[PDB]
Amino acid sequence: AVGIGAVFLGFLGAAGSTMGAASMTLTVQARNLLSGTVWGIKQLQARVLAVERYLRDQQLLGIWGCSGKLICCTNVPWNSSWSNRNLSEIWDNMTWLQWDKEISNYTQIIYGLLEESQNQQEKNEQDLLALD
Amino acid sequence: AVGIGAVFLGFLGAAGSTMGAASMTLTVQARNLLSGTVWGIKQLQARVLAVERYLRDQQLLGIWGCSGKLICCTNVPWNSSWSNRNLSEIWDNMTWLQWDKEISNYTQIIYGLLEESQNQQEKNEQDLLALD
Amino acid sequence: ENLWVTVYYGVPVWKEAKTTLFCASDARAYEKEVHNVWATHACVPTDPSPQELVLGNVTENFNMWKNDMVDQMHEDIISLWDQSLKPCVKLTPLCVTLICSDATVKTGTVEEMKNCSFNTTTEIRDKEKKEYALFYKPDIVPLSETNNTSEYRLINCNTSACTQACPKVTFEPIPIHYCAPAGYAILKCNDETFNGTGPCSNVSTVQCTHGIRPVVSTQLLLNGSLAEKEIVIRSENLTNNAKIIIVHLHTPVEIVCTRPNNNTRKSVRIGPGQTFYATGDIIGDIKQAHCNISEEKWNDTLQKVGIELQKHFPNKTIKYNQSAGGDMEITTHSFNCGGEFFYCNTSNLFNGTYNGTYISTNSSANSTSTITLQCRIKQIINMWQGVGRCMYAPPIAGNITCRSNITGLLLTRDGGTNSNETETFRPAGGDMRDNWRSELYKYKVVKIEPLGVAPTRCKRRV
Amino acid sequence: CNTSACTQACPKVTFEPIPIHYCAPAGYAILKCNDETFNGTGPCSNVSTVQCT
Amino acid sequence: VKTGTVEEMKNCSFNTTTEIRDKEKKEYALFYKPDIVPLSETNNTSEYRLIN
Ligand SMILES: *[C@@H]1O[C@H](CO)[C@@H](O[C@@H]2O[C@H](CO)[C@@H](O)[C@H](O)[C@H]2NC(C)=O)[C@H](O)[C@H]1NC(C)=O
Ligand SMILES: *[C@@H]1O[C@H](CO)[C@@H](O[C@@H]2O[C@H](CO)[C@@H](O)[C@H](O)[C@H]2NC(C)=O)[C@H](O)[C@H]1NC(C)=O
């Protein structure tokens, strides 16, 4: 269960569990992204490591209008055409791997819409604050 | 004194002073973390530089629930067993070096508690916002 | 009712993909000041922690043959071997016309060596003196078509040059832990009854792999891993007979080999500050190197493997036959011990049959019974192709013992004909990829996609 | 020929000693003991910070 | 050449070391004139050297 207290679930101890239980303890997965020491050119080549992919993720998350490496609720409507499935069957008895397998075909459009939604909201807020 | 105006205190000009005076002008210490140019394999090996430790610090600070490279007040209670010392003797006439020397033995527990406190608060706020 | 998007960072997702791995080794190698293997020079200190965490409920597909980790390991080993020989003396002024005669030691005579004398340049750039050395016959080739039996040449200068390995560096196999870089994870199939291709119902996650012995062998596998429960057979496909069948063992089989000749080394200095070692006189009675295996244990293992193989071929009995033959390096069991390369013959070992009638060996009438094999020795070695294959192994004084264990075998189907009731199997070696693939079947490498999306009954506060 | 081989230095390269400033990388600092009566081992009551030596 | 003669090439013969480190045999080859230079001031027309 998740009520261990002092978390020592390892790198991927929560994988394969329910979404609700696996929703917590997400910090350990993100934190463990650094290791290694020098040997030769190839080691330093690989030592770019997550420094590039982590920056990619940070750019994508910040552009969408989210601060902090945690959950972030947006305002984009969920078009039912993508899934058209019951809420209970997804959020209670389904793991992340098969969900990603099912929803792997609709990634570009949602990211594109989220990219401009944050900019629109920021400009509207700037205009509202500048009006006074 | 700290009332110089245009700050030119160097990299570590404020070290050894009181906590109150040294509390300000913390930006210069963090900003100066980049230098160097290429010569050989070892130079590029060292050119990882603060890019790894800075990312470590950013991960640790963001996980705790703090945005911006400045002060950040948390809600964890201060158990007196660690120090059990007067407030005046620490915040007025003590420097950071000896304070760190004294309090170097209680670093893991506080970080561990701060890691989960932010997640708990975030989940509670998410539930509160989702209830409506 | 209405649901809205939400983004999650750190969601565990696995995607199989290619990447590079690091090597780590125990700190005992770092204790040596210099000239201690290559792990201390090329790998990091390791740590058993963390333990192999087991996941609650997971499902995955494992493939053994369609993997690139073995190729990466082979490339790394090849690069390390090529780099290690750069500073050592490369010889070259030694392929002059050698005048060779029959070896006649004070204690008798030996047929496997020849007493070759030749001129060598002294410390002076232009000045020559005569020198002598004993050389093994396989490293000696007639010079030209002119049948002058007094002239000979090394088996070289027709393919490529040669280089002598340093004496202070040893070839002992030190275990290497292959660890993955950050951003990737290593998944381990915990099932001990895994056939080699298919899913595993118990998959764990590991930081770094266990010890891996970089050993070299063709027919059999030397000391290494052991099976957990019982013998398991792994093969790419039984439809094609050309594929190599790897057979594991539930218990090891002891093997001990030796060379009591008690050779001694000479010291010939050629060029500025570099010497070439060679075998000189021999003190003591002349004897033959040999290898020793236990008979009852080998027969029991063979019967166990036979009954395990009967499931795939229930309509046919089992028989074993001598290897194909040909070149010495192909059909002979070639291995290394203490810097000396041994080539053994397995003709006396793979000779038997089994028709499903189990025979108990619990009588133990003579526990001292054993099977003996005769072996040859070579100095010039062509380990691989197009890597600067030629290498010279210097001799070692005294006589050595090479006690070790056997835990695996390599077999190959024979071409069936006439619907024979007794289709056989033959030993057959090949590249080191087959040897290294038997110890990396459990591990797979995956990449993490921490970003994900999901709907929920929440909205952003304005 | 009794110890090792030899090599001739190029003629166009000189052995004149040019001063070299040893500087520290970012994330590290160089502390300098300003006391001129320092014995070699012990504390200094006047310590400065320097970019490069 | 068997078919005639050519002015842009010369038939140079020289000793070369065989697979044996110390053993020489004669060999021949045709070389273009620009890659051929007289050896020394001594006007011996039978001796030549590469332009190297
Ligand atoms: C192999 O032959 C060489 C000669 O080609 C032997 O070396 C000579 O041995 C005789 C008798 O011991 C000495 O008088 C000579 O001075 C030796 N010659 C040199 C150059 O040292 C050599 O002993 C033979 N090998 C063995 C094992 O006897
Ligand atoms: C050289 O050969 C001899 C005879 O084969 C070896 O003799 C014994 O080797 C065992 C190996 O464990 C030792 O325990 C014994 O003490 C040796 N002596 C006797 C009388 O049995 C000898 O070991 C070989 N040399 C080396 C270095 O192993």
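Method-wise, the PDB entry is recorded as coming from cryo-EM, at a reported resolution of 4.0 Å.

Chain D is annotated in the PDB entry as CH848.10.17.SOSIP gp120 from Hiv-1 06tg.ht008.

Chain C carries the name CH848.10.17.SOSIP gp120 in the PDB entry, which gives Hiv-1 06tg.ht008 as its organism. Recorded in UniProt for chain C, the comment headed Sequence similarities (unreviewed entry) runs: "Belongs to the HIV-1 env protein family."

Colleague: How would you explain the overall build of chain C if you had to name every residue and give the values?
Modeller: Regarding its fold elements, chain C presents six helices and 34 strands. C-alpha extents for chain C along the principal axes are approximately 100 × 65 × 40 Å. A fraction of 73% describes how many contacts in chain C between residues 6 or more apart in sequence connect residues 24 or more apart.

Colleague: Account for empty space enclosed by the protein, naming residues and giving values.
Modeller: All names here are of chain C. In this structure, the largest cavity encloses a volume near 110 Å³. Along the walls of the largest cavity sit 13 residues, with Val215, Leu221, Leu222, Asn435 and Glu439 positioned nearest its centre. Here the residues of the lining of the largest cavity are counted per class, giving four nonpolar, seven polar and two charged.

Colleague: Could you give an account of the interface of chain B and chain D, with specific residues and numbers?
Modeller: At the interface, seven residues of chain B touch five residues of chain D. Note on chain B versus chain D: buried area summed over both sides is about 490 Å², and carbon and sulfur give 70% of it. Linking chain B to chain D there are zero salt bridges. Tallied by class, the residues present in the side of chain B that touches chain D amount to five nonpolar, one polar and one charged.

Colleague: Now, about the pattern of salt bridges: what can you tell me, with residues and values included?
Modeller: Opposite charge on two side chains makes pairing possible when the charged atoms of those side chains draw close. Per the stated rule, a full pass over the model turns up 20 salt bridges over all chains. Here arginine 433 of chain C and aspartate 71 of chain C are joined by a salt bridge, their closest N and O atoms 3.8 Å apart. With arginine 433 of chain C in helix α6 (residues 432-437) and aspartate 71 of chain C in helix α3 (residues 69-84), this residue pair connects regions lying 362 residues apart in the sequence. A residue is classified by how much of its surface remains accessible, and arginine 433 of chain C, at 30% relative accessible area, is partly exposed. Here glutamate 27 of chain E ties to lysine 25 of chain E by a salt bridge, and the two come within 3.3 Å at their closest N and O atoms. Look at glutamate 27 of chain E and you get partly exposed, because its relative accessible area is 34%. With a relative accessible area of 41%, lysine 25 of chain E lands in the partly exposed category. Among the charged side chains, a network of salt bridges with common partners joins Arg85, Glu89 and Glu102 of chain A.

Colleague: Which residues make up the site of ligand 1, and what are the values?
Modeller: Taken together, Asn115, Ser117 and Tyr132 of chain C make up the full set of residues near ligand 1. Between ligand 1 and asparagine 115 of chain C there is a distance of 2.4 Å, counted from an oxygen atom to a side-chain nitrogen or oxygen.

Colleague: So, the arrangement of the chains: which residues are in play, and what are the values?
Modeller: Among the six pairs of chains that make contact, the interface with the largest number of contacts is formed by chains A and C. Across all C-alpha pairs, the smallest distance from chain A to chain D is 17 Å, and the two are not in contact. Chain D shows no contact with chain E. Their nearest C-alpha atoms sit 22 Å apart.

Colleague: Describe the interface of chain A and chain C, with residues and values.
Modeller: On the side of chain C, 40 residues touch chain A, which itself brings 51 residues to the contact. In this structure, the salt-bridge partner of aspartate 100 of chain A is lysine 15 of chain C, at a minimum N-O distance of 3.5 Å. Joining chain A to chain C, the criterion identifies nine residue pairs in polar contact. By residue number, the principal contributor to the side of chain A that touches chain C is strand β1 (residues 72-77) of chain A, which donates six residues. In terms of residue class, the side of chain A that touches chain C is built from 31 nonpolar, 14 polar and six charged. Strand direction decides the pairing type here: β1 of chain A and strand β1 (residues 4-9) of chain C, joined by three bridges, are antiparallel. Bridge assignment links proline 77 of chain A to a residue of β1 of chain C, and that residue is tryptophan 4 of chain C.

Colleague: Account for the nonpolar core, naming residues and giving values.
Modeller: Residue and element names in this part refer to chain C. In this structure, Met113, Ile293, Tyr320, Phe342, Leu349 and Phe350 are the most contacted members of the largest nonpolar core, which totals 42 residues. Looking at this core, the element that brings in the most residues is strand β18 (residues 245-258), giving six residues. Within the second largest apolar cluster, 32 residues are counted, among which are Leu80, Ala165, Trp384 and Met391.

Definitions and limits used
Residues numbered from 1 in each chain as written, not as in the entry; some residues may be left out. Chains lettered and ligands numbered in written order. Part of a larger assembly, values for the part shown. Heavy atoms only, no water. Residues with missing side-chain atoms left out of burial classes, pairs and counts. UniProt positions renumbered as here; feature names shortened; annotations may be inferred. Helix = DSSP H or I, 4+ residues; strand = E, 2+ residues; numbered from the N terminus. Contact = heavy atoms within 4.5 Å. 1 Å grid on protein atoms, 1.4 Å probe; cavity = no way out; pocket = protein on both sides within 12 Å on 5 of 7 lines; lining within 4 Å. Points joined across faces, edges and corners; volume = space filled by probe spheres on them. Nonpolar A, V, L, I, M, F, W, Y, C, P; charged D, E, K, R; others polar. Buried area = accessible area lost by both parts, 1.4 Å probe. Salt bridge = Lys/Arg side-chain N within 4 Å of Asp/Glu carboxyl O. Buried < 20%, exposed > 50% of the residue type's maximum accessible area, 1.4 Å probe, protein only. Near = heavy atom within 4 Å. Polar contact = N/O pair within 3.5 Å; in protein donor to acceptor, adjacent residues only side chain to side chain. Pairing = 2+ DSSP bridges. Core = buried A, V, L, I, M, F, W, Y, C linked by side-chain atoms within 4.5 Å.

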